[PDB]
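Quick setup: one chain, the form deposited in one PDB entry, written in structure tokens, and binding and motion questions come after.
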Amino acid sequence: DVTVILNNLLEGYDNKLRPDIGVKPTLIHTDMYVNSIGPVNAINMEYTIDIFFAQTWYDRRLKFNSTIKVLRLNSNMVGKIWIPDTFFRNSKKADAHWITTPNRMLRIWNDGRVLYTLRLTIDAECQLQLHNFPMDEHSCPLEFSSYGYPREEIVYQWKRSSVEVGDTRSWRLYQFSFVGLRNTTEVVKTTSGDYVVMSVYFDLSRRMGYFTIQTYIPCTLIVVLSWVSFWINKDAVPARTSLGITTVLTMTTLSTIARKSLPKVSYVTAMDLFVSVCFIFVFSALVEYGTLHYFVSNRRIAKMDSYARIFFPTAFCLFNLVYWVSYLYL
């Protein structure tokens, strides 16, 4: 029965020809089920995503009059039927799955509707504007269109449930927290014509409670640790120097951390600005004693310790008022 149906559909079928090739554009309804957004590689500006990618379209050459009403088929019929040339536009490495079988499917209804779903892992590309690091947020896109068919030949459209999200807790998101989802429809203008480009946006904000106790709290306490010299006697010149220059060395050791999971961008991030100003405060404390040891003993600077006890805790708290407001609330 069904063998008679399948051989009648393929009889006289030309898979090279788009349905309605001289009549009207082929409307294709796309669906997507995101399995797991993988690790966002901030250095290479990538992110891994695993999806189930479904497409429906009406093909009038695959109509059958029967009682079966649907042909829930394998991936064997995929190479015999016209399949749309959907490519992922911002993909660096995209892979289909082949274990244990080709992980595709095909369902053909009696009126000609064809469902086609395949599982895909994609190393998609998103330009991470890494200003306000590590307080930043990113909307990494996932775009697709047909490769050869313009707007006059294939038009895409989303369904009701456009992009379906799983549990969101089993995903491979180390540093980012999934907060949003957004679609759009645009028509790009390339050399070969106008292409209908679907797009899926993934809003990813940060989880911040790690850089606090690894760079922020160690840098603040070492700036306070340099202030310790101001309440230590003026004539204890080995102790004031030991406080000064080892606080410099530990700031250099913490500046190792600052660009760990980042590319070599050439602006100043919020992390880079904090470590640098903490280094300047540490730099200023030792130079304060150097000018005070020369102008008093080696020959008002004699009261400059009493000025430093007020000015350096004030300027660092005024800096933290500027820093933490303007990078969180602005």
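In this text, the rigid core denotes the largest set of C-alpha atoms whose superposition between the two forms falls within 1.5 Å. Position 1 is the first residue in the sequence shown; the rest follow in order.
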Unmodelled deposited residues between residue 299 and residue 300, binned:
10 or more
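FYI, the form deposited in another entry isn't displayed, but the following is about it.
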Where does the C-alpha shift reach 2 Å or more between this form and the one not shown among 181, 165, 239, 187, given a fit on the rigid core?
239
Core-aligned C-alpha movement of residue 218 between this form and the one not shown, 2 Å or more
yes
By the 2 angstroms cut-off, has the C-alpha of residue 144 moved between this form and the one not shown once the rigid core is superposed?
no
So, superposing on the core, is the move of residue 228 at the CA at least 2 angstroms between this form and the one not shown?
yes
